[PDB]
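Single-letter residue listing:
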Amino acid sequence: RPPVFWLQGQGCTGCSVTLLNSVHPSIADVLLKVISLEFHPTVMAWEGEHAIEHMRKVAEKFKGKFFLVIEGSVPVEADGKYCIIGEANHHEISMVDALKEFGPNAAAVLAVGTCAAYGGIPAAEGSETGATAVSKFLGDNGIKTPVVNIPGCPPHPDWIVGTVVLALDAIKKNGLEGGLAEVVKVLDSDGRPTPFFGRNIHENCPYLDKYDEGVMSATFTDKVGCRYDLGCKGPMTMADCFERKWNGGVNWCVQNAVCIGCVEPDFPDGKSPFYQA
Amino acid sequence: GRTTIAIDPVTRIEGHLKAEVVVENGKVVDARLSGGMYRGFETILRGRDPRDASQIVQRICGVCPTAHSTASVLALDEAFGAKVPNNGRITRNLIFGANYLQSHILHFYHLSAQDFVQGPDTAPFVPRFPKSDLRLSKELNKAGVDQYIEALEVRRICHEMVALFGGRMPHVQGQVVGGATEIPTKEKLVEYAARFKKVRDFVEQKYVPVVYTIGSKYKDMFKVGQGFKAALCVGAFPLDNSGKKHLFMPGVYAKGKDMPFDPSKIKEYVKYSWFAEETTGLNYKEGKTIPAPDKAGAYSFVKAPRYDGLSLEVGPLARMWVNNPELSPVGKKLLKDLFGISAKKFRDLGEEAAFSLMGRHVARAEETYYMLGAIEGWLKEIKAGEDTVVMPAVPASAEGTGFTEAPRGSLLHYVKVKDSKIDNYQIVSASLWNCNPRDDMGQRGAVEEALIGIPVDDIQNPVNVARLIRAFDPXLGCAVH
Ligand code: SF4
Ligand code: SF4
Ligand code: FCO
Ligand SMILES: [Cl-]
Ligand SMILES: [Fe+2]
Ligand code: NI
């Protein structure tokens, strides 16, 4: 049962919260039987340098075998000072330093959320922290550990759990190394698993007929027309929200309002203004 | 004689926090809180279409995004001159109210309960301090574990409630300038009410009773954590369309006195914060956010907000104290049976016990019950099919301020619009009021002060430092933004 360490950089904890909303039949087993969530600052029992040292002892015992979940971007300006994640016997550990320490020794890294995947809101125009995507940061620092991106702001819990399931099945079938190689084959050019991000929202939208007819809603509460004029970014967005919907299937963004393209590498600036085409 | 203890990360909170305390003769005698992660939303927002704010700001915090959504759309409503339709006002209350339920349940069970309840021998419930001061009987400890598990379901259902009219959660799509984007249907109102009944039953039968019952085994924890005994509420959940009656009415309480809230008395100091010295002491309408991560003497990315010079706290205790509602039936009964206390209204707990480590947990449970009544009312008030939004034009020049109460306390957003774009956007949030560093005059932040006197009889197992902090339910994403 491999350990998982969940490190957050410049995130909003939305990736943890979205996972707490999972109704995936496998999630309890993932946490109780398949892996061991040894470090997670939002929910773990211990604290402080003790929690950091616990993670370090586990990481040493499972060198090459543990998994990192990284949420949030990694800020490089000011020598990493815009994100400190812990302190060990007076020595501060920035997100930069944490990834330089643990990154080389992980079996793989899951970059969860658009911030970790692509930079996201912390990297957007007007920011000043040098917010950097996980894969870019690791590459820039010569760390070749495999990274899978599971974006969204936040991701749907099914994308996170589903990617874990994909990986589990691949690793059972071909071993750690070979398994990861099979996972690579089903990633798109932005490092996203194609089962969840391989279809365009707009091509699969229930309002596509209205789009084609040129019937556009002029107020959000008109649910008959297409939402394009209200700012819907479905045409430029690769995600399966149209099918699984959100929060136990009770709604989704296009039904409720508009898609804002939250899974895309240019989010938010390339998807803004949100409420104009 | 003095021992300094540093805790980084403080866990079972949201976000990045370091606490440093000095312990002497078994008690905390000094404290410093450091918010260690910064993003800079107030500068990221500049130059954008102001309507984008009501999406961007939610990413300050995935635990309380509906609060930021609310504050933002209220600011935008003012700046745009938008009159939210009655049914949209109520819809917004239903979207946001449901996350109060989610957030308080998450906080007590998934963040706080391990402070008092021993988890099983599996990660992430072990390892932990060898002497964790976990006092509950076999039976009551098991009830805590069982309810933590059940609460995973309940908090998830609360987010389903949020998403019914909000689109999804975290990060609702359904609140915009001018109201709410989806008119409630009869069928979806039935769905919301079915879930709400499950949540109500859990709150009434499990959550409220367990907080009092666990509290009755930790009566010592009502005797510490008082801090300044000063509180702020800025109002929340409008109950009419004329901006006066609210579920929580505004007010300030300090030195035993109640006074009105005047937002012009807010100033944010930065001497001990990693921001440029010249930006100290600004009211939010003139706020500036210029990071200075190397500035000597500073120790946090949280600014230091003060109300007419006072360091105040916010959250359920603040609101319940300021508004002084009647206590829940189950609370009244357990106060009698377990504590020997006859109490009718919240202030009957007395100031000392209310403003305490355990008092804050009690206030949050009581407030969860209080919110059930409000949501029940809104489910009767809402009208299926009635329009919930107007579609205002973007003004070229305007300003607006949105005031509300996030689950952790007072929140305001201020926007200034120039050339149809955001010229300034300033946020003064709940955990900013609680978890801030010293101001320029050396006055501690609310939680820093509440740490003073906290018992640490065992420096190898200093569990009460973070227990105190967790009582305030911090989220440092909010505090720093
Ligand atoms: S623009 Fe949006 S609402 Fe219209 S068809 Fe495309 S995805 Fe659907
Ligand atoms: S519909 Fe669009 S904005 Fe909503 S979750 Fe899916 S990709 Fe993100
Ligand atoms: N609740 C919440 Fe978030 C914080 N602190 C805000 O405002
Ligand atoms: Cl909220
Ligand atoms: Fe601010
Ligand atoms: Ni928050």
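The deposited coordinates, according to the entry record, derive from X-ray crystallography at 1.500 Å resolution.

The header of this PDB entry states its title as "3D structure of the Ni-Fe-Se hydrogenase from D. vulgaris Hildenborough in the as-isolated oxidized state at 1.50 Angstroms". UniProt's Subunit (unreviewed entry) comment on chain B is quoted here verbatim: "Heterodimer of a large and a small subunit."

The PDB entry lists chain A under the name PERIPLASMIC [NIFESE] HYDROGENASE, SMALL SUBUNIT, with Desulfovibrio vulgaris given as the organism. UniProt, in its Subunit (unreviewed entry) section for chain A, records the words "Heterodimer of a large and a small subunit." Regarding chain A, the UniProt comment filed under Catalytic activity (unreviewed entry) reads as follows: "2 Fe(III)-[cytochrome c3] + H2 = 2 Fe(II)-[cytochrome c3] + 2 H(+)".

**Student:** Can you explain the UniProt feature "binding site: [3Fe-4S] cluster" (unreviewed entry) in chain A? Please cite residues and give values.
**Tutor:** All names here are of chain A. Taking the numbering used here, the UniProt-annotated feature "binding site: [3Fe-4S] cluster" (unreviewed entry) corresponds to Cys241, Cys259 and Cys262. In terms of the greatest pairwise C-alpha distance, the residues named above, spread along 22 residues, form a tight cluster of at most 11.2 Å across. You can see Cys259 is positioned in the segment after α11 (253-256). Classification of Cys259 as buried rests on a relative accessible area of 8%. The residues contacting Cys259, other than those within four sequence positions of it, are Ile201, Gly231, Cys232, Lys233, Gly234, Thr237, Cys253 and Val254. Here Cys262 is to be found in the segment after α11.

**Student:** Break down the environment of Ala31(B) for me, citing the residues and quoting the values.
**Tutor:** Residues and elements named next belong to chain B. Of note, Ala31 is situated in strand β3 (residues 27-35). Judged by its relative accessible area of 0%, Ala31 is buried. Separated by 30 residues in the primary sequence, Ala31 and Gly1 have C-alpha atoms spaced 16 Å apart. Here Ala31 is in contact with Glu20, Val21, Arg438, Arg444, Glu448, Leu451 and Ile452, once residues within four sequence places are set aside.

Analysis parameters
- Residues numbered from 1 in each chain as written, not as in the entry; some residues may be left out.
- Chains lettered and ligands numbered in written order.
- Heavy atoms only, no water.
- Residues with missing side-chain atoms left out of burial classes, pairs and counts.
- UniProt positions renumbered as here; feature names shortened; annotations may be inferred.
- Helix = DSSP H or I, 4+ residues; strand = E, 2+ residues; numbered from the N terminus.
- Buried < 20%, exposed > 50% of the residue type's maximum accessible area, 1.4 Å probe, protein only.
- Contact = heavy atoms within 4.5 Å.

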